[PDB]
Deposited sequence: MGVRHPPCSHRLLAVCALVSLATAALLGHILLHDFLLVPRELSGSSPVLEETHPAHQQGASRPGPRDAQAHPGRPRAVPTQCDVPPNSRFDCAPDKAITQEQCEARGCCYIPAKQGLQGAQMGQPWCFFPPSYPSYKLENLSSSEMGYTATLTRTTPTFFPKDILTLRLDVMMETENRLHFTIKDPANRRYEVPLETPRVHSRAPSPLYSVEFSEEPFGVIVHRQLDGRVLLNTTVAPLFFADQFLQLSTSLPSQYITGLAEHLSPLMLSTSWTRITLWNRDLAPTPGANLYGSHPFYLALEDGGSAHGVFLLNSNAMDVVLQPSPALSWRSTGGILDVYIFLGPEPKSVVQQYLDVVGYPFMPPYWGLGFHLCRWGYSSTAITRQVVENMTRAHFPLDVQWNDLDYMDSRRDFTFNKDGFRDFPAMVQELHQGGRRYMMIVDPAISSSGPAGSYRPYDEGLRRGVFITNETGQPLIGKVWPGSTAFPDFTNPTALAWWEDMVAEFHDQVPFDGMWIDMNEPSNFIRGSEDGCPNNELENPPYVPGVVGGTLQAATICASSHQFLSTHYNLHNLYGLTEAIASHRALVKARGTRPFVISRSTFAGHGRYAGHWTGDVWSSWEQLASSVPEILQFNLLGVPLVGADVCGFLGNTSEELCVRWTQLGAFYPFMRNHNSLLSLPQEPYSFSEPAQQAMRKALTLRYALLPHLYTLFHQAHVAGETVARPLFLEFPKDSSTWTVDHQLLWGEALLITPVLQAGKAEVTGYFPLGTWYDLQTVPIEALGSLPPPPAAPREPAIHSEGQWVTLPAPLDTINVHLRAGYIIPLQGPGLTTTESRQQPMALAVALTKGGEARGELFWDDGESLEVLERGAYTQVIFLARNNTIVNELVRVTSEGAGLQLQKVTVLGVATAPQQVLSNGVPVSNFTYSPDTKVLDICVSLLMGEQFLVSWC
């Protein structure tokens, strides 16, 4: 009866340290573990009972009744269960209080079979194809109290990913792991709640099938994993709103999840270029020198950034008349050179200036845009400018005011996007200047494992008021709501695609904005940790993600910055950013051989931009990932499941970086197939013929291993110091043949920044096909945007025998080279991407 296998013991004292007497008083078992809870539920612990189950066209409804109270206050004894079979792939169920509207996240919204346990109550979801049990909520009691919801399930395996934002391996440890979702300003460190919260997991099943679970709940929560294996959702409010996505492919699970929360926004092409920033570019002169120094040293740079330096007394929508007197001229110059400009914006608005002295506050105050406290005044905290109020991005008037402030500032300085920092929201003091009241929201009955042990730590009072609800319910949305507000602000101000990079995020963030991983240390550990974190954000539908290249905190080393630039060049969002007291880490600040390695990394990224842009097109229209783990592409190969120090770009490009000091080789996993060394493509084995195995590759300091998968064609474009320049260059194809002489690839092209391109059909889509010693294009769509793209080079990999002749459209080509050593046929052509062509050899 208390004979429960240790791994299957669910914690009956998650709220407090408990004694054997108190444990047995709750009706629970007390056995010290030989981590595993000492106080755990017997199989007979009171749960809810399923009653009055009925079927309809939509699905199932029932009453859940609890007869015996839990040890939490304000149990809701009568619940309503609603099970909705929404699509062949998507099962949706809610557990609500039929007597009272409870807080619900404001979001726009067969392969499975379902059965129920009566007592204790449980929802059971099978995969129809194989009968396997994916969800089973019968494993532990259902808790549904006003400020404590708990729902548990068996997991189909020890392999589960998601539940951002945390510094951890891509596959979460099931050894009694507590994962806390409570947006918190803190330098990434293991076991801590970080800047964002994504209550979604993808679970692998034996044989490489997978399913996803989304809990649509924005309250502070713990998610507890145990090695049985099983999971417990423990939220501090709202309702249980659960989506199950049946896959069966992991990539299909992600796409199914993004169907609900939104497909990733399409970035502007210039956004995929190199970004350079630091805190400490203290003048326009200094900032101009950065661009001059990069250009002088032949380093590509699309976007020049500034941190707090530009502001007047660290206030939004101002610039100082000292070092930044000619701010408008500097940004206009950047535009004249073909570059874009980004600057930091904080959420908090300085409240200390005399009335009428600082328009953002004076206007915000008048229009009631700010989060208000117990006595109905603006909540005042402390951030960079001093005393600040915090905008309420759930208030329609705050959205109008934010659009107005962005538009007015844009009329003075025409910035090309917004870097939105400190939007947890971050507070330099606890709660407010005036502290926080003593109520159940500030002092809840269950406090998740947050750093500082309070919901108020490094943020604003939980009982503060927003237009939609209390901060208690909306805190984990704050960053997301600012990203939506800023997305709209930039569309109205500029009339082209917005570019928003946000620190704080929630599920569905990728539909509006991108993300950077925050204040990472300049360390080999943080370089390695950035790979799983960038992969995690792609799975969560935020493909536009990166870490500060060479690290933010402390001083980078020349070797670290070389390796970090090499890997960082494969971040979908590539920015080098640096702290105020740090040594310079711009590419031009290093030795000649280091610069050479960093220039080579940047050159290769720029060459690949047409490919990377096409991958973002697939993310935007089909909910695909851009940077993906090997297990998303080869899920039926179980050796990929734990790989998170390699990444793919889409299906085809395998990046195997060095992540350790003093290494001149690296060992990476190579799924079954032929992998051609990308170094054999003009811009050490020529080809790795893998059975599905680990392979040691040479990797001197000037090298990063990149391999192109046999069966794939990649589009490339010639060099430039900006995408303004690069987008005008001739293009090339890299054609990686299967042993059987086949390959496939694609190109998406548009003007690179207009809104509603897909709706208006203002794009070109071309498919490339290799077969039987031929390469053709298929024209899916050709418009003015793309029709004049010049193809001048076709490189074919895995050409076994030297050709006697190479033909372009039936005519011998002007020039070609064949290397018998590397099996590479390099062909010079004069073709248009938008006109049907046929290249052949024999």
property	result
Deposited positions lacking CA coordinates	1-80, 115-122, 198-206, 781-793
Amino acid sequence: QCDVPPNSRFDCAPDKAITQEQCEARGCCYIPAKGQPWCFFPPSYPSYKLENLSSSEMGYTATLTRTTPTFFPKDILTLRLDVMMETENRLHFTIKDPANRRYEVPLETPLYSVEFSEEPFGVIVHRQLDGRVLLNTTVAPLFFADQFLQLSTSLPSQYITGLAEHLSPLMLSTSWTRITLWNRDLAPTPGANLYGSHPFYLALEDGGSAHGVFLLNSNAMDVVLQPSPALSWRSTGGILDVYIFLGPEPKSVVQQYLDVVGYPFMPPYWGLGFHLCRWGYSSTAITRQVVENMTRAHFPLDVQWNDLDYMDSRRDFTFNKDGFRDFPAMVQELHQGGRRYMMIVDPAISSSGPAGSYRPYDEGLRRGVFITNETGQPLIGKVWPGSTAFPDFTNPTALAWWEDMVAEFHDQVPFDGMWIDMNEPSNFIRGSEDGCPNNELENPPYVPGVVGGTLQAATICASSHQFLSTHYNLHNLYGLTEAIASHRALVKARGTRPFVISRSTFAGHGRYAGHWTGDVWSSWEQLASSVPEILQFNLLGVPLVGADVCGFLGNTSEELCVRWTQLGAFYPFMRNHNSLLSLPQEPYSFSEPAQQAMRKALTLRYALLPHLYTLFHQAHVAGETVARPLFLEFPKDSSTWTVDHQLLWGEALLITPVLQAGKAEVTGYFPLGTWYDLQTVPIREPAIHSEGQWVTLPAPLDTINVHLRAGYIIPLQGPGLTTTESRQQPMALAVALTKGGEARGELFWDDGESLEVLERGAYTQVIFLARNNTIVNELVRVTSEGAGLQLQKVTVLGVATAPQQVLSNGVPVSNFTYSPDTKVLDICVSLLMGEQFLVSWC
From here on, numbers count along this sequence of modelled residues.
{"property": "At least a third of other PDB entries omit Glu108", "result": "yes"}
{"property": "Of 196-204 and 673-681, the stretch whose C-alpha atoms average the higher B-factor in the entry", "result": "673-681"}
{"property": "Stretch with the greater mean C-alpha B-factor as recorded in the entry, comparing 700-708 against 510-518", "result": "700-708"}
{"property": "Top residue by Cα temperature factor, when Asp222, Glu482, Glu742, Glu424 are compared in the entry", "result": "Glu742"}
{"property": "Deposited CA B-factor, highest of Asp548, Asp416, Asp346, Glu759", "result": "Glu759"}
{"property": "Cα B factor band for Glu403 (lowest, middle or highest third within the chain)", "result": "lowest"}
{"property": "CA B-factor ranking of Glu108, expressed as a third of its chain", "result": "highest"}
{"property": "Chain-wide C-alpha B factor ranking for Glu559, given as lowest, middle or highest third", "result": "middle"}
{"property": "For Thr496, the third of its chain into which the C-alpha B factor falls", "result": "middle"}
{"property": "Cα B factor band for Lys321 (lowest, middle or highest third within the chain)", "result": "highest"}
